[PDB]
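The values are calculated or read from the model by the stated rules, or taken from the named source; nothing here is a laboratory result. Neighbour counts are summed over all protein chains in view; Cβ atoms, including those assigned to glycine, are modelled from backbone coordinates with ideal geometry.
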Amino acid sequence: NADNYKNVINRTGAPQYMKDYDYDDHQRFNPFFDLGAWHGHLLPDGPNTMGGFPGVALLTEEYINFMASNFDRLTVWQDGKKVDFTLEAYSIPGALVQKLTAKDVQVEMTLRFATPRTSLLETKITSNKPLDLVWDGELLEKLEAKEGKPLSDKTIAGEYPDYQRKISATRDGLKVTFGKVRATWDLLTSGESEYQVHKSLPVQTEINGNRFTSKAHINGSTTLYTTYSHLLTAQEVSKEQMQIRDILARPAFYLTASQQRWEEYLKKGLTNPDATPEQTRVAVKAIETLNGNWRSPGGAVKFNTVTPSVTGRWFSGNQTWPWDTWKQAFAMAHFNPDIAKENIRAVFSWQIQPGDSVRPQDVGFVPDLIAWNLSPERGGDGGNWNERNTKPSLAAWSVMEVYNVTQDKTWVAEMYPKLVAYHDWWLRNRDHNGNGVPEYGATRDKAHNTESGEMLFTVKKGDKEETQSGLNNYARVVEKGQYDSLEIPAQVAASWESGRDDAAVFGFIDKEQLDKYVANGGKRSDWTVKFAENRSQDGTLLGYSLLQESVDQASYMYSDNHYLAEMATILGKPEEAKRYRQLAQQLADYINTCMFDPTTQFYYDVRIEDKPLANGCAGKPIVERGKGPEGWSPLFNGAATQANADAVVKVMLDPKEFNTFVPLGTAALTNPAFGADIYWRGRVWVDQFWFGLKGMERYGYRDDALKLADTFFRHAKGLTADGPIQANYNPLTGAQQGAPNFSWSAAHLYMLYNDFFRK
Ligand SMILES: OC[C@H]1O[C@H](O)[C@H](O[C@H]2O[C@H](CO)[C@@H](O)[C@H](O)[C@H]2O)[C@@H](O)[C@H]1O
Ligand SMILES: [Ca+2]
Ligand SMILES: [Mg+2]
Ligand SMILES: [Mg+2]
Ligand SMILES: [Mg+2]
Ligand SMILES: [Mg+2]
C-alpha cells in the first residue's frame, strides 16, 4: 500500500528562479515526475502556495528549468467571503496529495500522471453551499539563484530575448507558449513547445501580462479534473489532444491505472519485508528516484530511458550513459522491467553501424552520452552528446537479468546481435596487441587528435603551457621529463571509458602526492601513462589504447562472454555459445595468471610492456599505483579462483586498506593517490560497494559482507533522512557528495536492501 510510505523524499518547495540552485548547481527541490513525463510538480509548504502544486518544473530537452512559483493555485469564496483553509500535504509513491480543510468547505487534491506528457489533477470539493472558485498563476521572472541568494539582477526574458513566453486562453483552460531558444548549456526549446491546462468544467480566464486568473462557479460538492501537459514539439501538441480528451472523459480509469502500476512496483519491489522500517523506506526512496528519472522518448532518443538525475545540472533531460543504464536496468528488472528493457534499447539505438557518417571505423561502438540533440558533427546543436569513449561491458549482465525475470525469448533475440557487435568492437578497436584482453582508450575524435591523425597533448611548466601533437613526440617528451605536468585528452577519455574519471591506475595523481611517492623511493616514471594508436592493416586509424589492460574490464568482459553464451544457447546457436565460453575461460586464465599479484594479495591492471613476459602476459601488474575497487572485479564477475578470492577478501576487510568508516571506497588508504574528497580516488560509491559484497558472497563470505552492509547502513550519512539520494561518500566521515536523485545509487541501494540490509 503506497499510503504506508508518505514523504519518503521531501518534495516541498516554492521556487522563485528558473535556475533555483543548490551549491553544486542542482535544482534544490525534488519535483514528482512519472511515466516518462517531461514536467514535474512540487508540494506546497505554507499558506502562500496552499491550493496549488508550486514549481512547475519543465524538462527543456536536456535541462531542468522551473516555469512558475504558483500556477493554477486554487482559492475559494463563499458569497464574497474568502475560505480560510489549513493545509495537509504529502507525497506517496506515485502521487502528490494535498488537503485543504475549513469549517464548511474541504478540498482534496490528488496529482498523478496519465500519459508520457500529461499529469492529471483531481480536485474533490466538499461543500453544502455554492462556491466561487478562483485559480491564479504567474510565470517566473528571475533567472538564477544559489541557495536562495540571487546571483544577479538578471531576468529570464533579458537573458533569453527569443523565449517570448505568452499565456493564451482556450475553450477548456489555458496554455503557455515558448519561443525557440538554443542555449546549449541552459535552455533548449523548439519554438513549438507548450504547457497546456485543460479542465473538465467551463472556466472564464482573464490574462494580464504574464499572469492569469480563471473563475468558475459550482453549485456544491463536486469533483473536477485538470490535465497539465508539457509538449515539446508541434507533433506532440497535436497528438496529445485526443489523449487529453479521453482523460477528461474517463479520469477514474487513469487514476486507477497509476494507482495499480505503483502497487505493482511496491509488491514486486519490496521482497524483504523483515528489513527494518527505515531500511524499507530506503528501498521505496530508491524506487521513487529511479521512476522519477525515467523519460519517455524525446528528440533523437526514440525509446524510454533513465538518466542519472532529473534535478541534476548535467544529468537531466533524457541524457543517457551506458554503464548507468546497465546498473539501472539490472535493478529495475525487479520492479519495472518494461522500462528496464527500454533503457537498454535507448543506449543501443545509437550503436555505430557500417557506413556511419562520422566514425565508420567504430562499427559496434556504443556512445558514452546520448540525448535529445545530436552533436554538430551529426547535424544537431547539442553540446552533451559524446562519442570520445564508451563505458565498461555490463550490457549482457543487464540484458540477462531482464530475461531471467521476464522469460521473454524475443528479448534475447532482440539484444543478442547488438551485444555481439559491441563485443567485437572492443576486440577490434581496444586490443592493440591482439591478445584478446582489452585496453581502455579513446576514439578518433576532434578532442583527441589533429585532422591528420596525431594525438594531442599539452605540456605544462610553471605558467607556461604548450599544446603539441604526435605519439612519437609524446614518447620523446615523456622520456625527457622536462615538464611539471601533462594533460592528455586521450587519457581523460580512457578514464571516462572505465567510468572512474581520473582514477589512480590511469596515471592520475596530484603533484604534492607525487612528490611524497618519490621522496619515499618511488620513480616518477611509474605514474607516466603510455599510449598506442590502433590501426587496421590498410593503415586506417581506429583509435587509441592506453598501453595497459584493465582488470575491471577484463573481468566484466569475462562475465559478459558467459551471459552471451547463455543467450546463444537460448537462441539455438551452440557453436557461438561454445566460442563465448572458450573466450571467457581464456580471460579467466589471463586475469588470474597476469593481473593477480600473490605478494600484495590483490588484482591490478597490467602494463603492455615492450615485449610480453615469458608466461605470455603483456606485462606486470601495476602494483605501484595502488589498490582500487577494480581489484575485486574478478570476484564480482566470477573470474577469480577461490584461492585468489580468499586473498582479496582479506585485503578488503583490512582497516588499513578498504575496511573504513564507510568501507570499500574507490582507492585504498594505502594508495599513493588517495584523497577522501576525490570522487574516484577514495570516495565510496554504492555500485562498487555492492559489486564488492556480491563478489564476497559468491566466494563464500556472505557473513562478512552482511557486516560491511550493516556498517554502511549505520555510517552512511543521510540514509534514514528524507533527502534525495546522492552519488558518493567520504570513506572516513561518511559525508555525502554528488548529484541529488542519483540513479545508480538508488539502483544499488535498492539491491542492497534486497540482498544485504537486515535488522
Ligand atoms: O560528458 C561525458 C562525461 O560525463 C560524465 O561527467 C561522466 O562522469 C560521471 O557521470 C556518469 C553519469 O553518471 C557516470 O557514468 C560516470 O562514471 C561518472 O564519473 C564521464 O565519465 C563522461 O561520461
Ligand atoms: Ca590487449
Ligand atoms: Mg564529440
Ligand atoms: Mg568527471
Ligand atoms: Mg543463468
Ligand atoms: Mg569456471
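Brief remarks on what is shown
- Residue in segment 184-233 that is surrounded by the fewest Cβ atoms within 10 Å (Cβ to Cβ), counting only those that are within 23 Å of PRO130 (Cα to Cα) and among the charged types (D, E, K, R): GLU206
- Looking only at segment 422-442, and only at residues there that are assigned to a strand (DSSP E or B) and away from ligand 4 (no atom under 16 Å from the Cβ), the one that is farthest from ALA639 (Cα to Cα): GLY441
- Matching residues, segment 577-621, being touching a helix residue (DSSP H, G or I) at 6+ places or on another chain (Cβ under 6 Å), in contact (Cβ under 8 Å) with a residue 60 or more places away in the chain and either of a type in the set (A, V, I, L, M, F, W, C) or part of a helix (DSSP H, G or I) (or both): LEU583, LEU587
- The set of residues in segment 472-484 that are under 27 Å from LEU541 (Cα atoms) and in contact with a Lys or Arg (Cβ under 9 Å, 6 or more places away or on another chain) comprises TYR474, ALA475, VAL478.
- Criterion (closer than 24 Å to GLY675 by Cα and either buried (at least 17 other Cβ atoms within 10 Å of the Cβ) or assigned by CATH to the domain that holds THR540 (or both)) met by exactly one of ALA447, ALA504, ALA442: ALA504
- Segment 515-539, subset touching a helix residue (DSSP H, G or I) at 6+ places or on another chain (Cβ under 6 Å) and either of a type in the set (A, V, I, L, M) or not assigned by CATH to the domain that holds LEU369 (or both), residue nearest to ligand 3 (Cβ to nearest atom): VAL529
- Any chance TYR679 is out of contact with any helix residue (DSSP H, G or I) (no Cβ under 8 Å at 6 or more places or on another chain), surrounded by fewer than 24 Cβ atoms within 10 Å (Cβ to Cβ) and either among the hydroxyl-bearing types (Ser, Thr, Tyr) or not assigned by CATH to the domain that holds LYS627 (or both): yes
- Complete set of residues in segment 146-174 that are surrounded by fewer than 13 Cβ atoms within 10 Å (Cβ to Cβ), more than 21 Å from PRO202 (Cα to Cα) and basic (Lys, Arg): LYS149
- Flag if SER498 is under 22 Å from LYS418 (Cα atoms), within 16 Å of ligand 4 (Cβ to nearest atom) and assigned by CATH to the domain that holds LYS446: yes
- Any hit, segment 400-411, residues being of a type outside the set (A, V, I, L, M), within 16 Å of ligand 1 (Cβ to nearest atom) and within 21 Å of the chain's Cα centre (by Cα): no
- Taken together, the residues in segment 374-405 that are within 16 Å of ligand 4 (Cβ to nearest atom) and farther than 15 Å from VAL358 by Cβ amount to 4.
- First in segment 562-575 and touching a residue at least 12 places away in the same chain (Cβ under 8 Å) and among the hydrophobic types (A, V, I, L, M, F, W, C), second anywhere and more than 16 Å from ligand 1 (Cβ to nearest atom) and not in a helix (DSSP H, G or I), Cβ under 8 Å, 6 or more apart: none
- Matching residues in segment 63-121 - criterion: being farther than 21 Å from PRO31 by Cβ, among the β-branched types (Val, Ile, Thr) and assigned to a strand (DSSP E or B): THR75, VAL76, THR86, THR101, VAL105, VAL107
- Considering segment 443-477, the residues that are acidic (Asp, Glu) and assigned to a loop (DSSP other than H, G, I, E, B) include one that is nearest to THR528 (Cα to Cα), namely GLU454.
- With respect to (1) surrounded by 24 or more Cβ atoms within 10 Å (Cβ to Cβ); (2) under 18 Å from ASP72 (Cα atoms), the lone exception for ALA37 is condition (2).
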